[PDB]
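Q: My questions will all concern the structure given below.
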Amino acid sequence: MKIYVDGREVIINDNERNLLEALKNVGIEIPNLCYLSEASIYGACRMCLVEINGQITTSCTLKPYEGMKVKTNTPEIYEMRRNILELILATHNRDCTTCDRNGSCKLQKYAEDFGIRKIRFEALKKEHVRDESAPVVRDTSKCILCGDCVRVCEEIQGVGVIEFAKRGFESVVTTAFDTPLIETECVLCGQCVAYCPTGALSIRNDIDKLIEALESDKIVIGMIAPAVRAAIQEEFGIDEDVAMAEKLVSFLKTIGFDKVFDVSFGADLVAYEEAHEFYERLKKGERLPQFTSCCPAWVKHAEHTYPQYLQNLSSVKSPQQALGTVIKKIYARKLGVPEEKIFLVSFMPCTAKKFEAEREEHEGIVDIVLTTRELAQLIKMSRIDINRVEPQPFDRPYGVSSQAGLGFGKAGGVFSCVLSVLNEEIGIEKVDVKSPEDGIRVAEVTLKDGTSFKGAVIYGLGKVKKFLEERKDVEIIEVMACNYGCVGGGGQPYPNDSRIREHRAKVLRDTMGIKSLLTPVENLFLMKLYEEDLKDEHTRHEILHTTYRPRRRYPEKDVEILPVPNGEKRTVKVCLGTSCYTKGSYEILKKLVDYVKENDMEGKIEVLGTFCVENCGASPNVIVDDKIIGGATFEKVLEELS
Amino acid sequence: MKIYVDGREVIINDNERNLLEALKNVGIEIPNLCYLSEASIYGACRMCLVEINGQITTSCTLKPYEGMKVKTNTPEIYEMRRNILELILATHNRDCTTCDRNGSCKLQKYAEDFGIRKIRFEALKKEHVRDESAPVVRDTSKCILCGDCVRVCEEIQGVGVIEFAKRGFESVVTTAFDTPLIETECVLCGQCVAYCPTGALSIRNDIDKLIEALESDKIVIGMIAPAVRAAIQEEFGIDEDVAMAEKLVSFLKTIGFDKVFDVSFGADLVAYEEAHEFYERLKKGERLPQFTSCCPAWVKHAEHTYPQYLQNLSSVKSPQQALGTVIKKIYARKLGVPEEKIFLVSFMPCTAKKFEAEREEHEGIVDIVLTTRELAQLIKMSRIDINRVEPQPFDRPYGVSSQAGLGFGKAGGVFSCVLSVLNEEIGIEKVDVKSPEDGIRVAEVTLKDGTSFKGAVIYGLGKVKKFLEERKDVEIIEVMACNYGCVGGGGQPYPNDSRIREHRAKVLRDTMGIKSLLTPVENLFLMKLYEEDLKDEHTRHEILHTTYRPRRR
Amino acid sequence: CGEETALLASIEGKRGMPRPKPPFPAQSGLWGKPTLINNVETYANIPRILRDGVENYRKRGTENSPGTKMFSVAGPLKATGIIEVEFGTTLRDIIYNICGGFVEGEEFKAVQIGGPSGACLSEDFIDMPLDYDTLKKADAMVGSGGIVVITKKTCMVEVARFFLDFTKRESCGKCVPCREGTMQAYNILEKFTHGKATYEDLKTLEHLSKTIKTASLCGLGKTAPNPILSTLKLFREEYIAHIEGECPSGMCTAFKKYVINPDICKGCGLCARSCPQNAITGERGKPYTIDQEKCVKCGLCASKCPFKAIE
Ligand SMILES: Cc1cc2nc3c(=O)[nH]c(=O)nc-3n(C[C@H](O)[C@H](O)[C@H](O)COP(=O)(O)O)c2cc1C
Ligand code: SF4
Ligand code: SF4
Ligand code: SF4
Ligand code: SF4
Ligand code: SF4
Ligand code: SF4
Ligand code: SF4
Ligand code: SF4
Ligand code: SF4
Ligand code: SF4
Ligand code: SF4
Ligand code: FES
Ligand code: FES
Ligand code: FES
Ligand SMILES: [Zn+2]
C-alpha cells in the first residue's frame with residue numbers, strides 16, 4: 001500500500017489498523033498524547049489531526065487505503081494542536097521541579113517543543129484529590145485522564161480499585177467516594193504508577209528519613225533485593241552490568257552504611273523454610289494447595305478476596321522480613337548492641353514492600369524501604385560515576401547467597417528454589433513444565449520415593465481468579481502480583497514496559513549464571529545460622545513465621561449533620577430512608593437540630609443521620625447510643641438522651 | 001599532586017585554582033550551581049561542600065595540596081546539599097511547562113536528581129518583577145541571583161543596564177528603578193539571555209502571530225538569515241548540514257509559506273550600496289570614519305552613547321530591512337497585489353532585529369521576526385525529521401547570493417563584502433590585516449588608483465569605547481554587538497559559549513565554500529534589480545536609506 | 001559592612017558584598033594593596049601599651065587575655081552604661097556589683113553578650129571569668145563587647161525571632177544559605193511565636209540552623225543561627241511550651257489575641273469545656289466567636305481543637 005504524505009511517495013505496509021501506527025512504523029511521527037504506555041488506547045487526545053480530501057480528522061482512527069493523499073501539517077492543524085496543548089496545560093498542575101515525572105514526561109517535552117510560554121486560557125480550579133495515605137501517592141491535579149491506570153488496575157491486575165468518576169470538567173480518576181487508597185482493596189502493586197505517564201501517580205519518597213538516620217548515631221544496615229541490581233543500571237543510561245550489587249555496596253558504604261547485606265540470603269533462608277513446610281503439608285495432605293507469601297501484594301489480595309485460603313498461605317514471611325528479623329533479633333545480640341541502635345534500610349523494587357514493612361505483624365523490624373528509583377536518586381545526588389566505582393563484596397555473614405536465592409527476582413524464582421531444596425533433600429525424578437497461558441506455568445514433579453505433586457507459577461495478578469476457579473489439581477502455587485515477577489515491580493525505573501522487563505530478567509539470569517553454589521544448603525553461612533541460632537523450633541517459629549488476618553471494609557459513612565470530632569457524646573442517628581421518611585423522620589430531625597441549636601453548647605450531643613436500619617414498618621427509627629428505639633419522636637429521643 | 005577522594009588514589013594537575021576544577025578535569029564531578037556559563041564565578045551556591053581535616057568547606061575556594069583526604073559525599077554533606085537545593089526551590093517559580101529553559105535547566109535537573117518531591121520550607125512571598133515591554137523578557141521569579149547576566153552586560157557588552165539591587169531576601173537583579181527595559185539604554189543584544197541559566201531572562205515568543213498569519217488569507221513570505229542556517233542543527237542534536245537552508249525552505253513551504261527568500265540577497269544589496277557610499281565619502285572625505293549600520297544593537301548603542309557619530313553611520317538600512325522594503329515595494333507591485341496582502345516573516349539569529357522591525361523608521365515592512373530557537377520550535381512541533389527532508393532552492397528572484405553576502409553571519413562579513421565590491425569596481429592592491437587584540441582587527445587597504453585607508457572590524461560591544469578613544473586613524477569601523485558576530489546572537493540556540501560560536505562560524509564558512517558566485521556584481525538578480533527598479537537615485541534613497549536620531553531619557 | 005571584605009568594598013564606593021578569603025585583606029585589600037584592619041578599641045589599646053611596658057600592661061587581665069575590655073550594659077538594671085572591666089571578671093560581678101543589680105520587680109533569666117553573633121547565657125554561666133579562650137571552650141564568646149540582661153518577663157523564643165529578623169534584614173543576599181535560610185528560619189520562628197508551630201518545625205529549625213552555620217560564605221551567615229542554637233540548648237522547655245501551648249512568660253500572649261477563624265470552623269462543641277470564663281457562646285453548626293471581654297489568654301482552646309482554628 002503506497003500513500004502520499006505532504007506530497008511525497010511513501011510505502012507504509014500491506015495491512016495496518018490506522019494511519020498513525022502505519023506512519024510510525026515507517027518512521028513518520030505525528031504528535032499525540034494517546035500512546036503513553038502499553039495500556040494506552042487511541043481517541044482521547046485528538047492531537048493526531050491530519051487533512052484528507054479537505055476535511056481534518058484523527059489519524060489514529062483512519063484506515064489507510066491505497067493512493068490516499070494526507071497532509072500532516074497545515075496551519076489549521078498547527079493552530080488546533082497548539083490549542084489542544086494549551087487546554088491541557090491550562091488546568092494542569094505545572095510544578096515540574098517537585099514532580100516525579102520530571103525529565104521523563106511527554107507533556108513536559110511537548111510544552112517545551114510547542115514553545116508554550118503563556119497560558120491564554122484561565123487556570124480554572126477543580127475539586128482535585130491529594131491522597132498520600134499509602135506508599136502509592138495520588139495527585140489528580142497532574143492527571144491528563146488518559147485512563148491507562150484504570151485499564152492497568154482492571155484488565156491487568158484484576159483489582160479495579162480506581163475508576164473514572166463524574167463527567168465533564170469534574171471528570172477524575174479516583175477511588176470510590178474518594179476513599180484513601182490505604183483503606184481500599186488496593187494491593188499496592190504499583191503497576192498503575194509504573195504505567196502512569198504523569199506525576200499523578202507516584203511513589204512516596206522517603207530519602208529524607210534515610211539521610212536523617214545516616215546523620216544520627218545509629219548503626220545503619222542496608223540490604224539489597226535481587227531485582228534491584230538487575231534494573232538500577234537503566235537510570236544512568238548504561239547497559240547491563242553484573243557486579244552491580246557490589247559497586248552498589250561500595251557506594252552505600254561510602255555514604256555511611258555500616259553493613260550492607262544481600263536479601264538473596266534471606267531468600268535462600270525463606271526457600272529452605274518453605275520447602276520443609278510444604279513437605280510436611282504434603283506428607284500430611286492438609287492445607288493444600290499451598291500459596292507462597294513472598295509477594296506482599298498477593299498476600300493483601302488474598303486477605304481481601306480469599307479469607308478461606310488464608311490458612312493455605314505459607315506461614316514463612318517474605319525474604320525482606322525474614323532477613324530483617326534475623327538481623328534485629330540475632331545480629332544485634334552477636335554484636336552486643338541494643339536493637340534500638342540499628343536502623344534497617346531495605347532497597348526493594350516493590351511499592352508493596354513499603355506496606356509490608358509497616359504491617360502490624362512486622363512493626364519495628366524494617367525502618368524504611370526505598371525503591372530502586374530512590375536508590376538511583378541517592379546515587380545521582382553524589383554525582384559519582386557508579387560505572388567507575390570499584391565493586392566490593394557484601395558484608396558477612398548475610399552477604400553470600402545461592403543462585404536459587406538470587407532467582408527470586410523474577411517469576412518462577414521461589415518455586416525453582418523450593419524445587420532445588422527438595423531435590424537436594426529428596427531427589428526429583430523429573431519435572432514436566434506446561435504453559436497453559438502466557439503468564440501461567442504448571443510443573444509436574446515426581447520425587448524419588450514416588451510422591452508427586454503439581455506446582456503452578458502465576459505472575460501478574462488478575463490471572464489468579466480463573467486459575468483458582470477452574471484448577472484444583474495443584475498442591476503449591478506461586479503468585480507474583482507484577483508481570484515477569486519483581487523485575488517489573490512498581491518501584492522499578494521508568495519506563496517499565498514488557499521489553500524492559502524481559503531485558504531485566506535476562507540481566508538477572510546472567511547475574512545468576514556466575515554464582516558457584518547452586519542451592520541454599522550449599523550456602524554455609526545459612527547452615528551456620530541454623531546451627532547456632534535457629535536450632536530449636538520455638539525460636540525458628542518466632543523468627544521466620546507470621547500470621548495473616550482477613551480484611552473487610554468497616555465503613556459507617558453515615559450522614560454528618562452536626563458531627564463531634566471526638567469526646568464522650570450520645571451519637572444520635574436518625575433514619576433517613578423512604579419508609580421512615582414517610583412519617584415524621586425529617587421533621588423529628590429538624591426538632592433535634594433546633595434542640596441542639598438552643599441546647600447542647602458543647603459536643604455532648606451529635607445529631608447524625610443514617611440510612612435504613614432494617615426496622616421498617618415500625619415507625620420512624622432514631623438510633624441512641626447504638627440502641628434501637630422504634631416509634632421515635634422528639635420527646636422519646638429526649639428521654640432516652642436523659 | 002597526589003590527593004585522596006573518598007579514600008582512594010586520584011591524580012590531579014599541579015597548578016589548579018581550586019579543588020573543584022581539579023576534580024572536574026580529572027573526572028570527579030561535584031554538584032554545584034555556580035559554574036553555569038562563561039561569565040560564571042564561584043562562592044555563591046555553597047553546594048560544593050567537602051570534608052577536609054574534619055571541617056566542612058567549599059571545594060571551589062579550596063587550594064589543593066599534596067596528600068589531602070577529602071570526603072566528597074557524607075551524610076552531613078548530603079543533608080546540607082539537599083537543604084540548599086530546597087531553599088532555592090522554595091522561593092523559585094516552579095512552573096517549567098511555560099519556561100524557555102525547560103529541558104536545558106540545571107536547577108530542573110538537580111530537582112529531578114535530588115528527589116525533591118515536597119518543600120517543607122514555606123513559599124515566602126517576594127516582590128517579583130515581570131517585564132514584557134521589550135523583545136528581551138524579564139522574570140525575576142525564576143532568578144537564582146547567580147549574577148552571570150550582570151557580568152555579561154557590564155564586562156562583555158559594556159552597557160551595564162542590569163545590576164543587583166536591594167539586599168538580603170529582597171536581593172533582585174533589575175534595572176535602575178525597575179524601569180522597563182525598552183525605556184533604558186539596553187541595546188537588546190540578548191547576550192544576557194544567551195548566558196542566563198534559568199527562565200529569568202527569555203526572548204519574546206511570537207509563534208502565535210505566525211500561525212495566525214499562516215491560517216489567514218495573506219501571502220506569507222519568509223526570509224532566512226545567513227547565520228540561522230549555521231546553528232539550527234544544534235536544536236535537533238544532529239550534525240551540521242551544508243544544505244540546511246534548502247531543507248528549511250522545503251519545510252516552510254510545507255507548512256504554508258508562499259515564498260521563501262535568502263537574506264543573503266539583502267546582504268549583497270546592502271554591501272553594494274554601502275561600498276558605493278563609502279567610496280564617495282573617501283573621494284570627498286566627509287563624515288569619516290564611516291560606521292556600519294547592519295547591527296541594530298550597535299545602532300541603538302550609538303544613538304544612546306555617541307550622538308555625535310549619528311551622521312557618521314551608514315545611511316543604508318540593514319539587510320533585513322533592505323530586503324523587506326524591496327519585497328513590499330517592488331515584488332508586491334510586480335505581482336499585482338496590495339502590500340497589505342503580504343505578511344513578511346523574518347528568521348534571524350538576533351533579538352535586536354525584533355526591535356529594528358518595530359522601529360518607527362521601518363514600521364510596517366517586516367511583520368514579525370522569529371529567532372533561530374522559534375524556527376526550531378516550529379520544526380519540533382511538526383515532528384518532521386528535518387534531516388530526511390528533500391532540499392529545494394530559495395524562491396526567485398531573491399533566492400541566490402554570493403559568498404560575501406552569506407558571510408554577514410559572522411564578524412567581518414560586511415567589511416569583507418564591501419572590500420570585495422571595491423575590488424570589483426575599484427581594484428585593491430594589498431590588504432594588511434592586523435589583530436591588535438581578540439575582538440579587534442585593523443586592516444590597511446590600498447586601492448589601485450588612489451590612496452589607502454584603514455578598516456577596523458570590532459565584534460563584541462564594549463571594545464568599541466576603548467577602540468574609539470585610543471584609535472583616531474581608521475576610515476571605516478565595523479561593529480558587531482555579539483562576540484563572533486551574528487553566529488553568537490542572543491536568539492541562537494542554547495547553550496552558546498565560545499566553542500559553540502566557533503563551530504557555528506566554521507559551519508558558515510563551509511556553507512560559503514560551496515557557493516559559485518563570489519561577488520555581488522556577479523549576482524545577476526541584484527544587477528537586474530538595480531537596472532529595473534532602483535535605477536533612479538531618488539528611488540534608491542527612498543528604498544535603501546534610513547535615518548537615525550539621538551536617544552536621551 | 002563589619003565584615004572585612006565587605007568593609008573594604010564599601011570603602012571603595014561599591015556594594016558591601018563580602019567575598020571568599022583566599023586573598024586575605026592583609027595581603028590584598030583596598031584596590032589590591034595590603035590593608036591592615038582593626039577595631040577602634042585595639043587602636044586605643046596600642047598607645048596605652050607603648051606608653052607602658054609589656055609586663056606593666058599584662059599586670060591586669062589573664063595570661064591569654066591580657067588587658068581590659070570596654071563593655072556596654074543595657075537592660076533593666078539600677079545603672080546601665082559603658083563599663084571597663086579587666087579580663088577575667090565574671091558576668092555576675094558585672095551585673096550585680098558594677099551595675100548594681102536589677103530594678104525592683106525584675107529578675108535574671110539570661111544575658112546576651114555579642115548580639116546576633118554572640119550567644120545566650122543562663123544562671124549557670126553567670127559566674128564564670130570572661131576570657132576569649134574560656135568562652136570559646138564554654139560554647140560562647142566574648143562578643144564585640146555589648147551586654148544586655150534578659151529578665152523573666154521576656155520570652156527567649158521572641159529573642160531568637162528578633163535576632164533572626166535582624167539578620168534576615170541585614171543579609172547581603174550573596175550566598176544561598178544565608179539569604180534563604182535566614183528568611184526561612186525567621187518564618188519558622190514567627191510560626192513559633194504565633195502558636196502555629198509543631199515538632200516537625202523544631203526539627204526543621206535545628207537542621208536548617210546547622211546548614212546555615214556550616215555553609216554560609218561569611219561570618220554574618222555563619223553566626224546567624226547562634227541565637228537559635230544557644231536559646232534552644234538552654235530553653236528547649238520554653239520551645240516545647242510554645243509548641244504545645246502558650247508563652248510561659250506571656251510576652252508573646254501579653255500583647256496578642258485569640259480569634260476564631262470562621263473560614264475553617266464548623267461550630268462543633270469543645271472550647272467551652274475548658275474555658276473557665278465561658279468566652280465562647282457560639283452558634284451551633286456555625287462558626288464560633290471568642291469573647292475577648294473575659295479572655296484571660298489562658299490558651300486552652302488551641303491546646304485541643306481538632307480543626308485548628310484558634311488563631
Ligand atoms: C557580621 C559581622 C560584623 C562585624 N562587625 C564588626 C564591627 O562592627 N567592628 C569590628 O571591629 N569588627 C567587626 N567584625 C569583625 C571583622 O569581620 C574582622 O574580624 C575584623 O577585622 C576584626 O578586627 P579586630 O582584629 O580589631 O578585632 C564583624 C564581623 C562580622 C562577620
Ligand atoms: S506531569 Fe509533572 S513533569 Fe509532566 S508537565 Fe506535569 S508537573 Fe511537569
Ligand atoms: S497499586 Fe495496583 S491495585 Fe493499587 S490502584 Fe495501582 S494498579 Fe490498582
Ligand atoms: S492517573 Fe496517570 S495513568 Fe491514570 S488517567 Fe491520570 S495520567 Fe493517566
Ligand atoms: S511481584 Fe515482586 S515487585 Fe510485584 S508486588 Fe510482588 S513482591 Fe512487589
Ligand atoms: S528555570 Fe524554568 S525550567 Fe528551570 S526549574 Fe525554574 S521554571 Fe523550571
Ligand atoms: S540585551 Fe544586552 S544590553 Fe540589554 S540587558 Fe541584556 S546584555 Fe545588557
Ligand atoms: S537573571 Fe539569569 S543570569 Fe541573571 S542572575 Fe538571574 S539567573 Fe543569573
Ligand atoms: S551582531 Fe548580529 S546577532 Fe548580535 S546584535 Fe548585531 S545583528 Fe544581532
Ligand atoms: S553569609 Fe549572608 S552576609 Fe555573608 S555573604 Fe552570604 S548572604 Fe552575604
Ligand atoms: S473546637 Fe475548634 S472547630 Fe470546634 S467550635 Fe471550637 S474553634 Fe470551632
Ligand atoms: S484563651 Fe482561655 S480564657 Fe480565652 S477564650 Fe480561650 S479558654 Fe477562655
Ligand atoms: S492519537 Fe490521540 S486522538 Fe488520535
Ligand atoms: S427506612 Fe428507616 S428502618 Fe428502613
Ligand atoms: S561551586 Fe558554588 S559555592 Fe562552590
Ligand atoms: Zn513566647
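Placed from the backbone N, Cα and C atoms, the Cβ positions cover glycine too.
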Q: So Swiss-Prot lists A:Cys295, A:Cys482, A:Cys486 for [4Fe-4S] cluster 4; which of A:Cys350, A:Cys417 goes with them?
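A: Site partner of A:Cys295, A:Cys482, A:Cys486 for [4Fe-4S] cluster 4, according to Swiss-Prot: A:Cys350.
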Q: For the [4Fe-4S] cluster 2 site that Swiss-Prot lists with A:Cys143, A:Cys146, A:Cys149, give the additional residue from the candidates A:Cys48, A:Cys60, A:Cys96, A:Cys196.
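A: [4Fe-4S] cluster 2 site check in Swiss-Prot: besides A:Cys143, A:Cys146, A:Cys149, the record includes A:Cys196 out of A:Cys48, A:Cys60, A:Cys96, A:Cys196.
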Q: Between the Cα atoms of A:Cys186 ([4Fe-4S] cluster 3 binding site) and A:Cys48 ([2Fe-2S] cluster 1 binding site), find the distance and write it as a whole number of Å.
A: 35
Q: By CA-CA distance, flag whichever of A:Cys96, A:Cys192, A:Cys580 among the binding-site residues is nearest to A:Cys482 ([4Fe-4S] cluster 4 binding site).
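A: Out of the listed candidates, the nearest Cα belongs to A:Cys192.
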Q: Provide the three-state DSSP residue tally for the domain '4Fe-4S ferredoxin-type 1' (A:133-164): helix first, then strand, then coil.
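A: Its residues fall into 12 helix, 6 strand, 14 coil.
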Q: Mind pulling out which binding-site residues among A:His92, A:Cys96, A:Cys149, A:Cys186, A:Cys486 sit under 8 Å from chain B, Cβ to Cβ?
A: A:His92, A:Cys96
Q: What's the most sparsely packed of the binding-site residues A:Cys34, A:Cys149, A:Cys189, A:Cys196, A:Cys612, counting other C-beta atoms within 10 A?
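A: Each of the binding-site residues A:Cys34, A:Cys149, A:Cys189, A:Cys196, A:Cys612 was scored by Cβ atoms within 10 Å; lowest is A:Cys612.
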Q: Once near-sequence residues are set aside, which residues in the chain of A:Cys295 ([4Fe-4S] cluster 4 binding site), 6 or more away, have Cβ atoms under 8 Å from its Cβ?
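A: When sequence neighbours closer than 6 are ignored, A:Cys295 ([4Fe-4S] cluster 4 binding site) has A:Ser318, A:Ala352, A:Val479, A:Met480, A:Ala481 within Cβ distance under 8 Å.
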Q: In angstrom units, rounded to an integer, how far apart are the Cα atoms of A:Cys48 ([2Fe-2S] cluster 1 binding site) and A:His92 ([4Fe-4S] cluster 1 binding site)?
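A: About 20 Å separate the Cα atoms of these two residues.
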Q: Can you check which residue among the binding-site residues A:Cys48, A:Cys146, A:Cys482 has the largest number of Cβ atoms within 10 Å of its own?
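A: The residue with the densest Cβ neighbourhood is A:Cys482.
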Q: Minimum Cβ neighbour count within 10 Å among the binding-site residues A:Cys99, A:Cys105, A:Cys575, A:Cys580: which residue?
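A: A:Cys105, out of the binding-site residues A:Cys99, A:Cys105, A:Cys575, A:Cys580, has the fewest neighbouring Cβ atoms within 10 Å.
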Q: Are any of A:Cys34, A:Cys149, A:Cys350, A:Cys486 (the binding-site residues) within 10 Å of A:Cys192 ([4Fe-4S] cluster 3 binding site) when you go C-alpha to C-alpha, and if so which?
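A: Close binding-site residues: A:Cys149.
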Q: So if I measure Cβ to Cβ from A:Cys60 ([2Fe-2S] cluster 1 binding site) and keep only same-chain residues at least 6 apart in sequence, which ones fall under 8 Å?
A: A:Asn18, A:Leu19, A:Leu20, A:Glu21, A:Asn32, A:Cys34, A:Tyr42, A:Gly43, A:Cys48
Q: Which of the binding-site residues A:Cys99, A:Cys143, A:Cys149, A:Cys153 has its Cα nearest to the Cα of A:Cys612 ([2Fe-2S] cluster 2 binding site)?
A: A:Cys153
Q: Give the number of CB atoms, excluding that of A:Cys616 ([2Fe-2S] cluster 2 binding site) itself, located within 10 Å of its CB.
A: 14
Q: Which of A:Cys186, A:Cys192, A:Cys486 (the binding-site residues) has the most other Cβ atoms within 10 Å?
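A: Compared across A:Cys186, A:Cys192, A:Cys486, the most Cβ atoms within 10 Å surround A:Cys486.
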